[PDB]
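**Q** The structure follows.
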Amino acid sequence: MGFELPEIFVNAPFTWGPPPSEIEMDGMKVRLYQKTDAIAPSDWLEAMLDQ
Amino acid sequence: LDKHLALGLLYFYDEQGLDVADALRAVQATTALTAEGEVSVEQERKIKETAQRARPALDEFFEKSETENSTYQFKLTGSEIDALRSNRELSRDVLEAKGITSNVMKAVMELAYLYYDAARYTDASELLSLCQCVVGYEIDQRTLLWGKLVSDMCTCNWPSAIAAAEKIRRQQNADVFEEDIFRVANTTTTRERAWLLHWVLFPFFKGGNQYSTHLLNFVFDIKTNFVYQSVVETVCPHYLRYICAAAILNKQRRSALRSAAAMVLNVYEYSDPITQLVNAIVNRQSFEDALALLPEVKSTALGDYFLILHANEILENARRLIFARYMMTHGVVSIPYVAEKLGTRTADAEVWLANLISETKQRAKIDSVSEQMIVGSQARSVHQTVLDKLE
Amino acid sequence: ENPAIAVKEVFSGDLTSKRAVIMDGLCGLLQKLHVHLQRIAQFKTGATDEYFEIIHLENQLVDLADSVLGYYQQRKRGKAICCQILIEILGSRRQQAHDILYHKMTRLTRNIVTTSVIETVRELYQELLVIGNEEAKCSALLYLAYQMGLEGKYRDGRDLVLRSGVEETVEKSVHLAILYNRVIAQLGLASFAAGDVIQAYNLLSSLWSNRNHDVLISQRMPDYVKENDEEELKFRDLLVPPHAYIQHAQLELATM
RNA sequence: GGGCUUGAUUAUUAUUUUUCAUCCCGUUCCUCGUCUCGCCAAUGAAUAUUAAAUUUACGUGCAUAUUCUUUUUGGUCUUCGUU
């Protein structure tokens, strides 16, 4: 042995492909869940309302 | 298996045929210096053929020759290897069934054995083969695996080659596939592939066996389990060109042109072009352009790259193929303009066309009583076919 | 200038308190200018002369990122370089407009001149594993693919995205997602516009069709938003970036 | 490693020769702290009620250009001599 992932740049090749590789899409943000919630801040919010 | 990256560059760049000037930093990781004999030297022979020659080749020759006369005298701590080197009889014997290991160890054996190259090359291969099988050994998974690769590499003198052909499709394919958790990664696959190609298609080098064109087609490819991802990464233009040539030479699996077309496009990621054009036009199907291209390509390359060997066969297959397609439907087309192109008088051309027809790939009769080739119907009998299918 | 030398009271550089000085180490202070400029832009839609003012201002803002990186380290590591990558499109379509910007100098550090810029040097020198480009995280690569697609051919951008395996780092980490959508759209446009149908159809159709719903590169806000309420500030901060989009209309023509 | 007459200290006269762990900066090294990520485990089963095992509502009206500048290098103009 041997070796392990040989090319230029830095991380070289990972997985390719063959093309045909339609790639798709991608959307996000549809459900939230937190431990350790943030403040507000109310300052920004007031200013917005004003505008 | 495996390796080396500089060596790899020397390899493929020469094959492509753009230039040689290339380094090959070395030696690495065949070994230093252990079996066989040397990898670099084989590359040098190819380079010499391409284009004269140069300082690296001289260095390689020196490296191969010695270290060292004294070491050569010293080797062997007993108690076989003899009649020149090996003990042919012993090699045969270590299967049937011998498998439960006398003494134990061939650890000191390896130390004594290691020497090498010189190249000497048939004998060297024979010795390696003998070591491989004990079977129980101990020592080792990886060391043995490296050994298998070396056997595959050289010598390609045919009894060694046929043995190695069997070994490649049992061993190497299995090894690449997982499990074992997790091996073998991109470099190993690429290296293995390069060695297989060298061992038979026909670089320059040497290739053809009987027949293992088939082997090349079979492995890179074929869907249970798949890769072809490996072939694509990271950027094997020369290999693709070679595959196109191989497909034409073979002239069928079953599926032939279609498979080749899919492989080829791979539009511009790395794409070498003279063979590729011949195949890509032929499958698509234009008949004027393809016909012209095949002589031009044949004459252009060659180029370097002699062997010659196979390419006469390739030229014949290609001509036959273009014509077979041209006939099929289409007409009900003649025949004088076919004869003029392929280039001898009319009767020789007629018999050549008749040989395409006689393979049961077409239904046709040739009128030599008006010089017309007539095709059947059969492609198309419509209602009748449906009645048969139902009943 | 006169400094270095850094005397009376105490100076360092890290960690304890000095403290905009320390944060200018480092250069988190410049990062806060980068943040606030994006904000201004992000609210006002290009129309009146305000937009001109911010463009001039942004050209000004570049220069510090250059210089600072030749004040080289405290390693630091990062902050100025990160700002440069974000700023980059920069530019561009083939690049136009870098030359006009470039034009006051002193400029210095590494990615300069309309020969470059082009992205690539920063991406190269600032890695993806161990040292750099970490924290955050995967990288420059999306911007390089964007750059490659616009000023080279859509072959290079497609090749880089598929090779680098960067399609599983965009799933979580929400800024990167928008980038992902942005580069996919641009690649399909570039494929159309140097002149084949496929890959252009494949890339572009995939981006579309679905979702409606398109906030995903620009602009636009989903439903609903912006009437409700104080949650506006999620889809108006993820992301969308300004002076880009790249043209609406043009994408639609390409798709249809 | 870089800078630093850093602390002993050649230095400071260019015997400048340092001379080291070190002050200020200093990763790919070892030890420690903490955060992120993770596999499993921990608080939601009625077939009948004696002083009660869990409380409404959560919406209106108002909302800063919030300043002084001395200016000085160009550039649009104007009024004298003279061609």
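In the structure tokens, chains take the letters A, B, ... in the order shown, each chain's residues start at 1, and ligands count up from 1 in the order shown.
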Tell me the residues of chain A close to chain B, meaning within 7 Å using only C-alpha atoms, as an NGL selection string.

**A** :A and (1-6 or 13 or 16-18)

**Q** So that I can check the surroundings of residue B:173, please list as number ranges by chain every protein, DNA and RNA residue that reaches within 10 Å of it, counting only C-alpha atoms (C1' of nucleotides) and ignoring chain neighbours fewer than 3 positions away.

**A** B: 167-170, 176-177, 189, 192, 219-220

**Q** Using only C-alpha atoms (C1' of nucleotides), I'd like every residue of chain A that has an atom within 10 Å of chain D; please write them out as a PDB file with N, CA and C atoms, in the first residue's frame.

**A**
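See result.pdb below for the written result:
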ATOM      1  N   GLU A  46     -38.580  47.572  17.033  1.00  0.00           N
ATOM      2  CA  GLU A  46     -39.295  48.870  17.177  1.00  0.00           C
ATOM      3  C   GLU A  46     -39.004  49.741  15.948  1.00  0.00           C
ATOM      4  N   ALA A  47     -37.719  49.917  15.630  1.00  0.00           N
ATOM      5  CA  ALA A  47     -37.267  50.701  14.509  1.00  0.00           C
ATOM      6  C   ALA A  47     -37.960  50.315  13.226  1.00  0.00           C
ATOM      7  N   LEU A  49     -40.911  48.720  12.890  1.00  0.00           N
ATOM      8  CA  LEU A  49     -42.300  49.113  13.019  1.00  0.00           C
ATOM      9  C   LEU A  49     -42.505  50.568  12.683  1.00  0.00           C
ATOM     10  N   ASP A  50     -41.620  51.406  13.225  1.00  0.00           N
ATOM     11  CA  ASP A  50     -41.613  52.868  12.968  1.00  0.00           C
ATOM     12  C   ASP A  50     -41.592  53.092  11.455  1.00  0.00           C
ATOM     13  N   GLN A  51     -40.513  52.641  10.788  1.00  0.00           N
ATOM     14  CA  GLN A  51     -40.326  52.776   9.310  1.00  0.00           C
ATOM     15  C   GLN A  51     -41.622  52.347   8.619  1.00  0.00           C
TER      16      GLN A  51
END

**Q** Kindly determine which residues of chain C lie within 10 Å of chain A, considering only C-alpha atoms, and give the answer as number ranges by chain.

**A** C: 120, 123-129, 158-167, 170-174, 177-182, 184-185, 199, 201-208, 210-211, 213-216, 229-231, 233-235, 238

**Q** Mind dumping the selected residues with C-alpha atoms as a short mmCIF file (atom, residue, chain, number, x, y, z; two decimals), in the first residue's frame?

**A**
data_model
loop_
_atom_site.label_atom_id
_atom_site.label_comp_id
_atom_site.auth_asym_id
_atom_site.auth_seq_id
_atom_site.Cartn_x
_atom_site.Cartn_y
_atom_site.Cartn_z
CA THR C 120 -8.77 31.00 -7.29
CA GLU C 123 -9.27 29.38 -2.48
CA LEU C 124 -5.94 27.62 -3.08
CA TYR C 125 -3.87 29.30 -0.33
CA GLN C 126 -6.57 28.85 2.31
CA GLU C 127 -7.39 25.23 2.55
CA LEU C 128 -10.37 23.08 3.56
CA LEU C 129 -8.88 20.78 6.19
CA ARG C 158 -19.84 21.67 -13.01
CA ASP C 159 -16.63 19.62 -12.80
CA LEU C 160 -15.51 21.36 -9.59
CA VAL C 161 -18.86 20.98 -7.77
CA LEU C 162 -19.22 17.30 -8.67
CA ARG C 163 -15.57 16.51 -7.83
CA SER C 164 -15.37 18.36 -4.50
CA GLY C 165 -18.42 16.58 -2.98
CA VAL C 166 -19.89 19.81 -1.57
CA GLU C 167 -23.52 18.73 -1.93
CA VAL C 170 -25.29 22.65 1.95
CA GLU C 171 -28.03 20.62 3.68
CA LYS C 172 -27.37 22.15 7.09
CA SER C 173 -25.85 25.63 7.26
CA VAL C 174 -28.24 27.94 5.67
CA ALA C 177 -27.77 26.65 0.76
CA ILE C 178 -28.63 30.03 -0.86
CA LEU C 179 -25.13 29.97 -2.41
CA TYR C 180 -25.88 26.44 -3.71
CA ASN C 181 -29.07 27.71 -5.38
CA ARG C 182 -27.24 30.76 -6.73
CA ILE C 184 -26.94 26.11 -9.89
CA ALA C 185 -28.96 28.91 -11.53
CA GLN C 199 -26.80 20.57 -19.73
CA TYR C 201 -32.12 22.25 -19.56
CA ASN C 202 -31.11 19.75 -16.83
CA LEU C 203 -29.52 22.27 -14.41
CA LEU C 204 -32.15 24.94 -14.81
CA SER C 205 -35.31 22.76 -14.78
CA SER C 206 -34.08 21.14 -11.52
CA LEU C 207 -33.70 24.61 -9.91
CA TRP C 208 -37.24 25.49 -11.07
CA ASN C 210 -41.31 23.20 -7.77
CA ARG C 211 -41.42 25.30 -5.41
CA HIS C 213 -41.49 30.14 -4.26
CA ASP C 214 -38.37 31.81 -5.14
CA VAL C 215 -36.55 33.63 -2.39
CA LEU C 216 -33.78 31.23 -2.86
CA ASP C 229 -44.70 40.49 12.08
CA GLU C 230 -41.17 40.34 13.43
CA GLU C 231 -40.41 37.03 11.73
CA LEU C 233 -36.15 39.21 9.63
CA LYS C 234 -35.41 35.53 8.79
CA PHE C 235 -36.14 35.52 5.07
CA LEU C 238 -31.18 34.46 4.73
#

**Q** Would you mind listing, for every residue of chain D within 9 Å of chain C, the two atoms forming the shortest contact and the distance between them in Å to one decimal, using only C-alpha atoms (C1' of nucleotides), sorted by chain and ascending residue number, as JSON lines?

**A**
{"residue": "D:24", "atom": "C1'", "partner": "C:12", "partner_atom": "CA", "distance": 8.0}
{"residue": "D:25", "atom": "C1'", "partner": "C:74", "partner_atom": "CA", "distance": 7.5}
{"residue": "D:27", "atom": "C1'", "partner": "C:131", "partner_atom": "CA", "distance": 8.4}
{"residue": "D:28", "atom": "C1'", "partner": "C:131", "partner_atom": "CA", "distance": 7.5}

**Q** Residues of stretch 278-348 of chain B in alpha helix (DSSP H) according to DSSP, as a ChimeraX atom specification?

**A** /B:278-282,287-300,311-327,336-342,346-348

**Q** Counting only C-alpha atoms, figure out which residue out of C:155, C:226, C:175, C:243 gets nearest to chain B.

**A** C:155

**Q** When distances are computed from only C-alpha atoms, which of B:119, B:196, B:269, B:159 shows the smallest separation from chain C?

**A** B:269

**Q** List the neighbours of residue C:245 out to 10 Å using only C-alpha atoms (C1' of nucleotides); skip same-chain residues closer than 4 positions along the sequence, and give me the result as a list in words.

**A**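 Non-adjacent residues within range: residues 182, 185, 186, 216, 217, 218, 219, 240, 241 and 251 of chain C.
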
**Q** Figure out the distance between atom CA of residue B:136 and atom CA of residue B:73, please, to one decimal in Å.

**A** 28.9 Å

**Q** State, in Å with one decimal place, the distance from atom CA of residue C:80 to atom CA of residue C:29.

**A**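 So the two atoms, atom CA of residue C:80 and atom CA of residue C:29, lie 9.8 Å apart.
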